[PDB]
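Novice: What follows is a structure written as structure tokens; I'll ask about it next.
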Amino acid sequence: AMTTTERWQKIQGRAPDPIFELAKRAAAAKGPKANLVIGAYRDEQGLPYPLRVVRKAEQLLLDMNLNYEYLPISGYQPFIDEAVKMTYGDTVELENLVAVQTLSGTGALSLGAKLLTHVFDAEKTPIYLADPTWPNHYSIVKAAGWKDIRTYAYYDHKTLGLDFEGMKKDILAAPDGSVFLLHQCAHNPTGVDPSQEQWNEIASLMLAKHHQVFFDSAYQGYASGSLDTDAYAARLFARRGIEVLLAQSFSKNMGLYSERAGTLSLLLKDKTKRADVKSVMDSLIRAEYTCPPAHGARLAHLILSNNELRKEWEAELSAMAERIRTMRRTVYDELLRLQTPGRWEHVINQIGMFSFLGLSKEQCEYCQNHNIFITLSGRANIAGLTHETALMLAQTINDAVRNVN
Amino acid sequence: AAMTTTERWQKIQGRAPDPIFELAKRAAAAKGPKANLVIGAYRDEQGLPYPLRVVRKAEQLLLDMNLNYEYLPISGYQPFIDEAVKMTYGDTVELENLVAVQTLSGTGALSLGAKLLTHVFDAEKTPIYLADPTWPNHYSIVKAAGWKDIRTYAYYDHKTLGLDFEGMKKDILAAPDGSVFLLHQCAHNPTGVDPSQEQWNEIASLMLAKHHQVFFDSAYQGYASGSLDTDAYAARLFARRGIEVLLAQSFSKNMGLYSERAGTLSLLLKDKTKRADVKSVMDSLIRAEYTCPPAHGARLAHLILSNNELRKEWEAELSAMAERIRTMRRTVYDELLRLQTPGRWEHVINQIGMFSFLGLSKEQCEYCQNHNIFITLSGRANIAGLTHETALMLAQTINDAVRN
Ligand SMILES: C[As](C)(=O)[O-]
Ligand SMILES: C[As](C)(=O)[O-]
């Protein structure tokens with residue numbers, strides 16, 4: 001603390017991201033293995049799967065010779081409009097909402113959490129996250145300045161299902177005018193979503209308590225294989241009059257992980273305030289990164305907008321969702337043939353890319369040590385499996401259960 | 001007292017608009033003959049957006065590589081980082097003794113760097129010094145990163161239209177030891193005024209004696225003079241003088257990659273264990289903001305930096321862009337001489353890079369704007385948006401503004 005060298009010498013290091021680390025360990029791991037850490041889709045051969053429609057869009061886009069001039073702060077409008085239309089339906093009135101392009105879902109979550117501090121007192125108003133949830137959610141929200149982060153009950157670790165009664169109690173027990181970060185479909189990590197009727201009950205509670213709803217929509221398409229089906233909760237909440245804030249990602253459903261394409265949108269009840277909310281969002285973006293990367297949004301716009309590419313895309317995503325169910329069925333069937341102790345129906349009843357297996361930290365540690373790389377919380381990327389490794393996963397679960405529990 | 005969400009959203013405070021934004025909009029919508037010289041992007045000799053030929057080549061090469069779209073590491077695409085830092089510092093002892101990450105271009109590196117520095121300095125008490133004048137977004141970025149005592153150092157001499165080097169030195173010395181100084185590495189924005197080599201060396205010495213932290217904004221290497229070496233002088237000199245340089249790098253102007261957002265943040269730091277701690281803070285800050293950076297811009301810049309043939313093509317293509325800006329500076333100058341406009345006008349050809357402080361009063365800049373010559377009220381013009389034709393128009397309108 002006199003020369004700059006001395007000043008830097010005192011910088012406090014930070015722990016590394018456990019997920020991204022484990023994925024690195026898995027990727028380095030030796031013989032036959034299952035790298036099931038990160039939620040990234042793999043094909044039948046277990047290899048990365050750039051979508052055929054994205055390969056088509058690459059060539060279309062290159063032939064068009066668009067320029068590289070700065071986007072507006074808010075980003076590439078053709079993409080934003082199509083993207084909001086994909087989640088809210090061709091019905092949606094673009095004029096009654098505010099929406100910007102973001103750095104995928106993470107970017108929309110960070111941006112939205114910061115925005116909310118201009119409307120709510122982030123020193124006092126709680127923000128509620130699901131129990132359990134993406135551990136990065138807590139980090140993002142905290143970094144954005146939220147000082148009272150809480151949990152709503154969601155998953156029942158005994159029944160390996162939804163704890164809906166606990167969720168309702170926690171919504172009602174929260175102070176009025178709190179923020180709730182909800183998973184729009186394919187809850188991460190549990191893979192269990194409310195029913196349609198349960199979503200409508202949640203909406204009525206959010207209304208009666210004057211809560212702010214923040215949807216995280218990272219997996220639209222993966223809960224059912226159908227984009228329209230999976231948009232049910234967002235569309236319901238819109239129809240019910242909720243001022244929905246929603247963070248959207250194209251990393252998983254279009255496979256654009258590396259290009260960072262997403263949106264942040266707000267259904268603003270008072271149209272005269274749209275300009276003011278846009279001006280805050282734009283100042284937040286301007287002071288971080290000035291404007292977003294164009295390539296991913298340009299690619300996604302072509303795929304959303306063109307009727308042929310859009311239908312090809314939806315068929316490709318439907319097939320992706322179906323390979324995941326086949327993998328679930330393969331693991332489940334093998335768990336039955338080995339007569340592994342316990343119930344395993346949640347492997348096939350859960351939806352999305354993951355299975356939340358319900359194993360102990362020690363059983364998970366066992367798995368990792370036999371080259372089955374699932375998280376310590378028991379989360380497994382089913383979309384990482386091949387027929388070979390789905391069988392290995394079951395065999396290792398069977399071993400872990402019979403030998404540690 | 002707001003109760004419903006709609007009532008809370010009702011109370012949100014709109015954030016005042018960028019006056020440059022409003023002017024640029026006026027300029028872009030204007031009919032009739034005009035010169036839109038507001039926003040800082042390169043235009044070619046026909047006044048048009050200029051995708052680089054080497055970037056169009058690299059696009060096709062990348063497509064033919066059949067690459068996937070899987071996440072980059074949090075810190076970004078490491079071959080890009082390595083080539084990017086080798087470009088600014090050269091193939092030298094530095095490359096092993098630094099920490100660097102990919103960022104969302106210069107802006108991203110500036111925000112990340114300003115946040116990072118709050119983990120080494122007390123942003124509540126330690127002053128951070130910006131140039132007088134500077135890019136208005138500098139103030140926004142630092143304020144938003146948490147800096148509470150934002151100050152300025154004398155830089156442009158509004159009388160001489162050159163550098164106020166004595167005043168700069170005085171402010172460097174008068175600041176408390178251990179302050180942060182955000183320096184423009186080359187092509188100062190908005191003025192085009194840069195210190196000489198010998199002046200940069202005096203500055204390095206002052207920074208060492210005062211134990212100031214140096215934060216370089218490096219948005220224009222190569223693009224300023226046409227030479228990557230020339231334009232890297234300050235960074236390399238400061239490195240050689242032993243300064244722990246924090247540096248924000250952009251490929252927006254020098255590769256025309258405005259839309260793809262490719263940049264780096266790097267720190268020169270000797271101890272290897274501490275390099276890894278610094279890294280861990282950079283990665284933590286990234287992760288909570290956007291998880292990892294976009295790949296397409298980084299893959300384009302890496303291929304151009306690394307492919308020996310594209311690298312050579314690019315340096316020639318950049319040299320020609322820089323030359324064309326000088327050419328426009330020369331055209332304006334000659335016309336102002338030709339028209340015998342009152343006053344000194346040599347600053348038009350002594351300034352370097354895209355931007356020029358023309359030296360006009362507010363009333364004269366208003367006159368330019370009302371005659372469809374869109375420069376800012378502080379007299380900033382983007383020389384690089386001129387054509388031979390609008391260069392002459394500018395000089396003639398300046399000559400009218402000055403005369404009435
Ligand atoms: C983790 As994401 C939705 O920012 O690719
Ligand atoms: C203005 As920039 C250096 O972030 O493209």
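Every chain in the structure tokens takes a letter, A first, then B, and so on in the order presented; its residues are numbered from 1, and the ligands are numbered from 1 following the presented order.
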Please identify the strand (DSSP E or B) residues within region 8-132 of chain B (assignment by DSSP from backbone atoms) and present them as JSON, numbers by chain.

Specialist: {"B": [35, 36, 43, 49, 98, 99, 100, 101, 102, 103, 104, 128, 129, 130, 131, 132]}

Novice: Kindly provide, as a PyMOL selection string, all nucleotide and amino acid residues lying within 12 Å of ligand 2, counting only C-alpha atoms and all ligand atoms.

Specialist: (chain A and resi 68-73+285-293) or (chain B and resi 39-41+103-112+135-138+141+184+189+217-221+247-265+297)

Novice: List every residue of chain B that has an atom at most 9 Å from any atom of ligand 1, giving for each one its closest atom pair and the distance in Å to one decimal, counting only C-alpha atoms and all ligand atoms, sorted by chain and then by ascending residue number, as a Markdown table.

Specialist:
| residue | atom | partner | partner_atom_place_in_ligand_line | distance |
| --- | --- | --- | --- | --- |
| B:71 | CA | ligand 1 | 5 (O) | 7.6 |
| B:290 | CA | ligand 1 | 4 (O) | 6.0 |
| B:291 | CA | ligand 1 | 4 (O) | 5.9 |
| B:292 | CA | ligand 1 | 4 (O) | 7.6 |

Novice: For residue 228 (chain B), please output as a ChimeraX atom specification all residues within 8 Å (counting only C-alpha atoms; exclusion window: fewer than 4 positions along the same chain).

Specialist: /B:87-88,221-223,232

Novice: Can you tell me which residues surround region 383-392 of chain B at a distance of at most 6 Å, considering only C-alpha atoms, apart from same-chain residues fewer than 4 positions away, and format the answer as a ChimeraX atom specification?

Specialist: /B:35,37,42-43,45,47,325,332,354-355

Novice: Please write the residues from the selection above to a file, keeping C-alpha atoms, as an mmCIF file, in the first residue's frame.

Specialist:
data_model
loop_
_atom_site.group_PDB
_atom_site.id
_atom_site.type_symbol
_atom_site.label_atom_id
_atom_site.label_comp_id
_atom_site.auth_asym_id
_atom_site.auth_seq_id
_atom_site.Cartn_x
_atom_site.Cartn_y
_atom_site.Cartn_z
ATOM 1 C CA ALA B 35 -21.831 16.297 -43.559
ATOM 2 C CA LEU B 37 -19.632 14.099 -38.663
ATOM 3 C CA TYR B 42 -14.669 5.189 -40.145
ATOM 4 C CA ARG B 43 -16.131 5.930 -43.588
ATOM 5 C CA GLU B 45 -13.783 7.803 -49.747
ATOM 6 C CA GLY B 47 -18.702 8.282 -47.259
ATOM 7 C CA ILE B 325 -7.994 10.544 -42.580
ATOM 8 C CA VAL B 332 -9.889 20.970 -44.934
ATOM 9 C CA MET B 354 -10.640 10.323 -36.175
ATOM 10 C CA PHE B 355 -11.518 13.270 -34.067
#

Novice: So that I can check the surroundings of residue 108 (chain A), please list as JSON, numbers by chain every protein, DNA and RNA residue that reaches within 7 Å of it, counting only C-alpha atoms and ignoring chain neighbours fewer than 3 positions away.

Specialist: {"A": [102, 103, 104, 105, 111, 112, 247, 248, 262, 263, 264]}

Novice: Set the distance at 9 Å and use only C-alpha atoms: which residues neighbour region 119-132 of chain B once local chain neighbours fewer than 6 positions away are removed? I'd like the list as a PyMOL selection string.

Specialist: (chain A and resi 1+7-12) or (chain B and resi 138-139+142+145-156+168+172+175-176+178-184+281)

Novice: What is the distance between CA of residue 316 (chain A) and CA of residue 93 (chain A), in Å to one decimal?

Specialist: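 These two atoms are separated by 28.3 Å.
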
Novice: Where does DSSP see helix (DSSP H, G or I) in region 147-313 of chain B, if you list the residues as a ChimeraX atom specification?

Specialist: /B:165-174,197-210,228-231,233-240,258-260,272-287,296-306,308-313

Novice: If we count only C-alpha atoms, what is near residue 63 (chain B) at a cut-off of 12 Å, once residues fewer than 4 positions away on the same chain are taken out, given as a ChimeraX atom specification?

Specialist: /A:54-63 /B:56-59,67-68,296,299-300
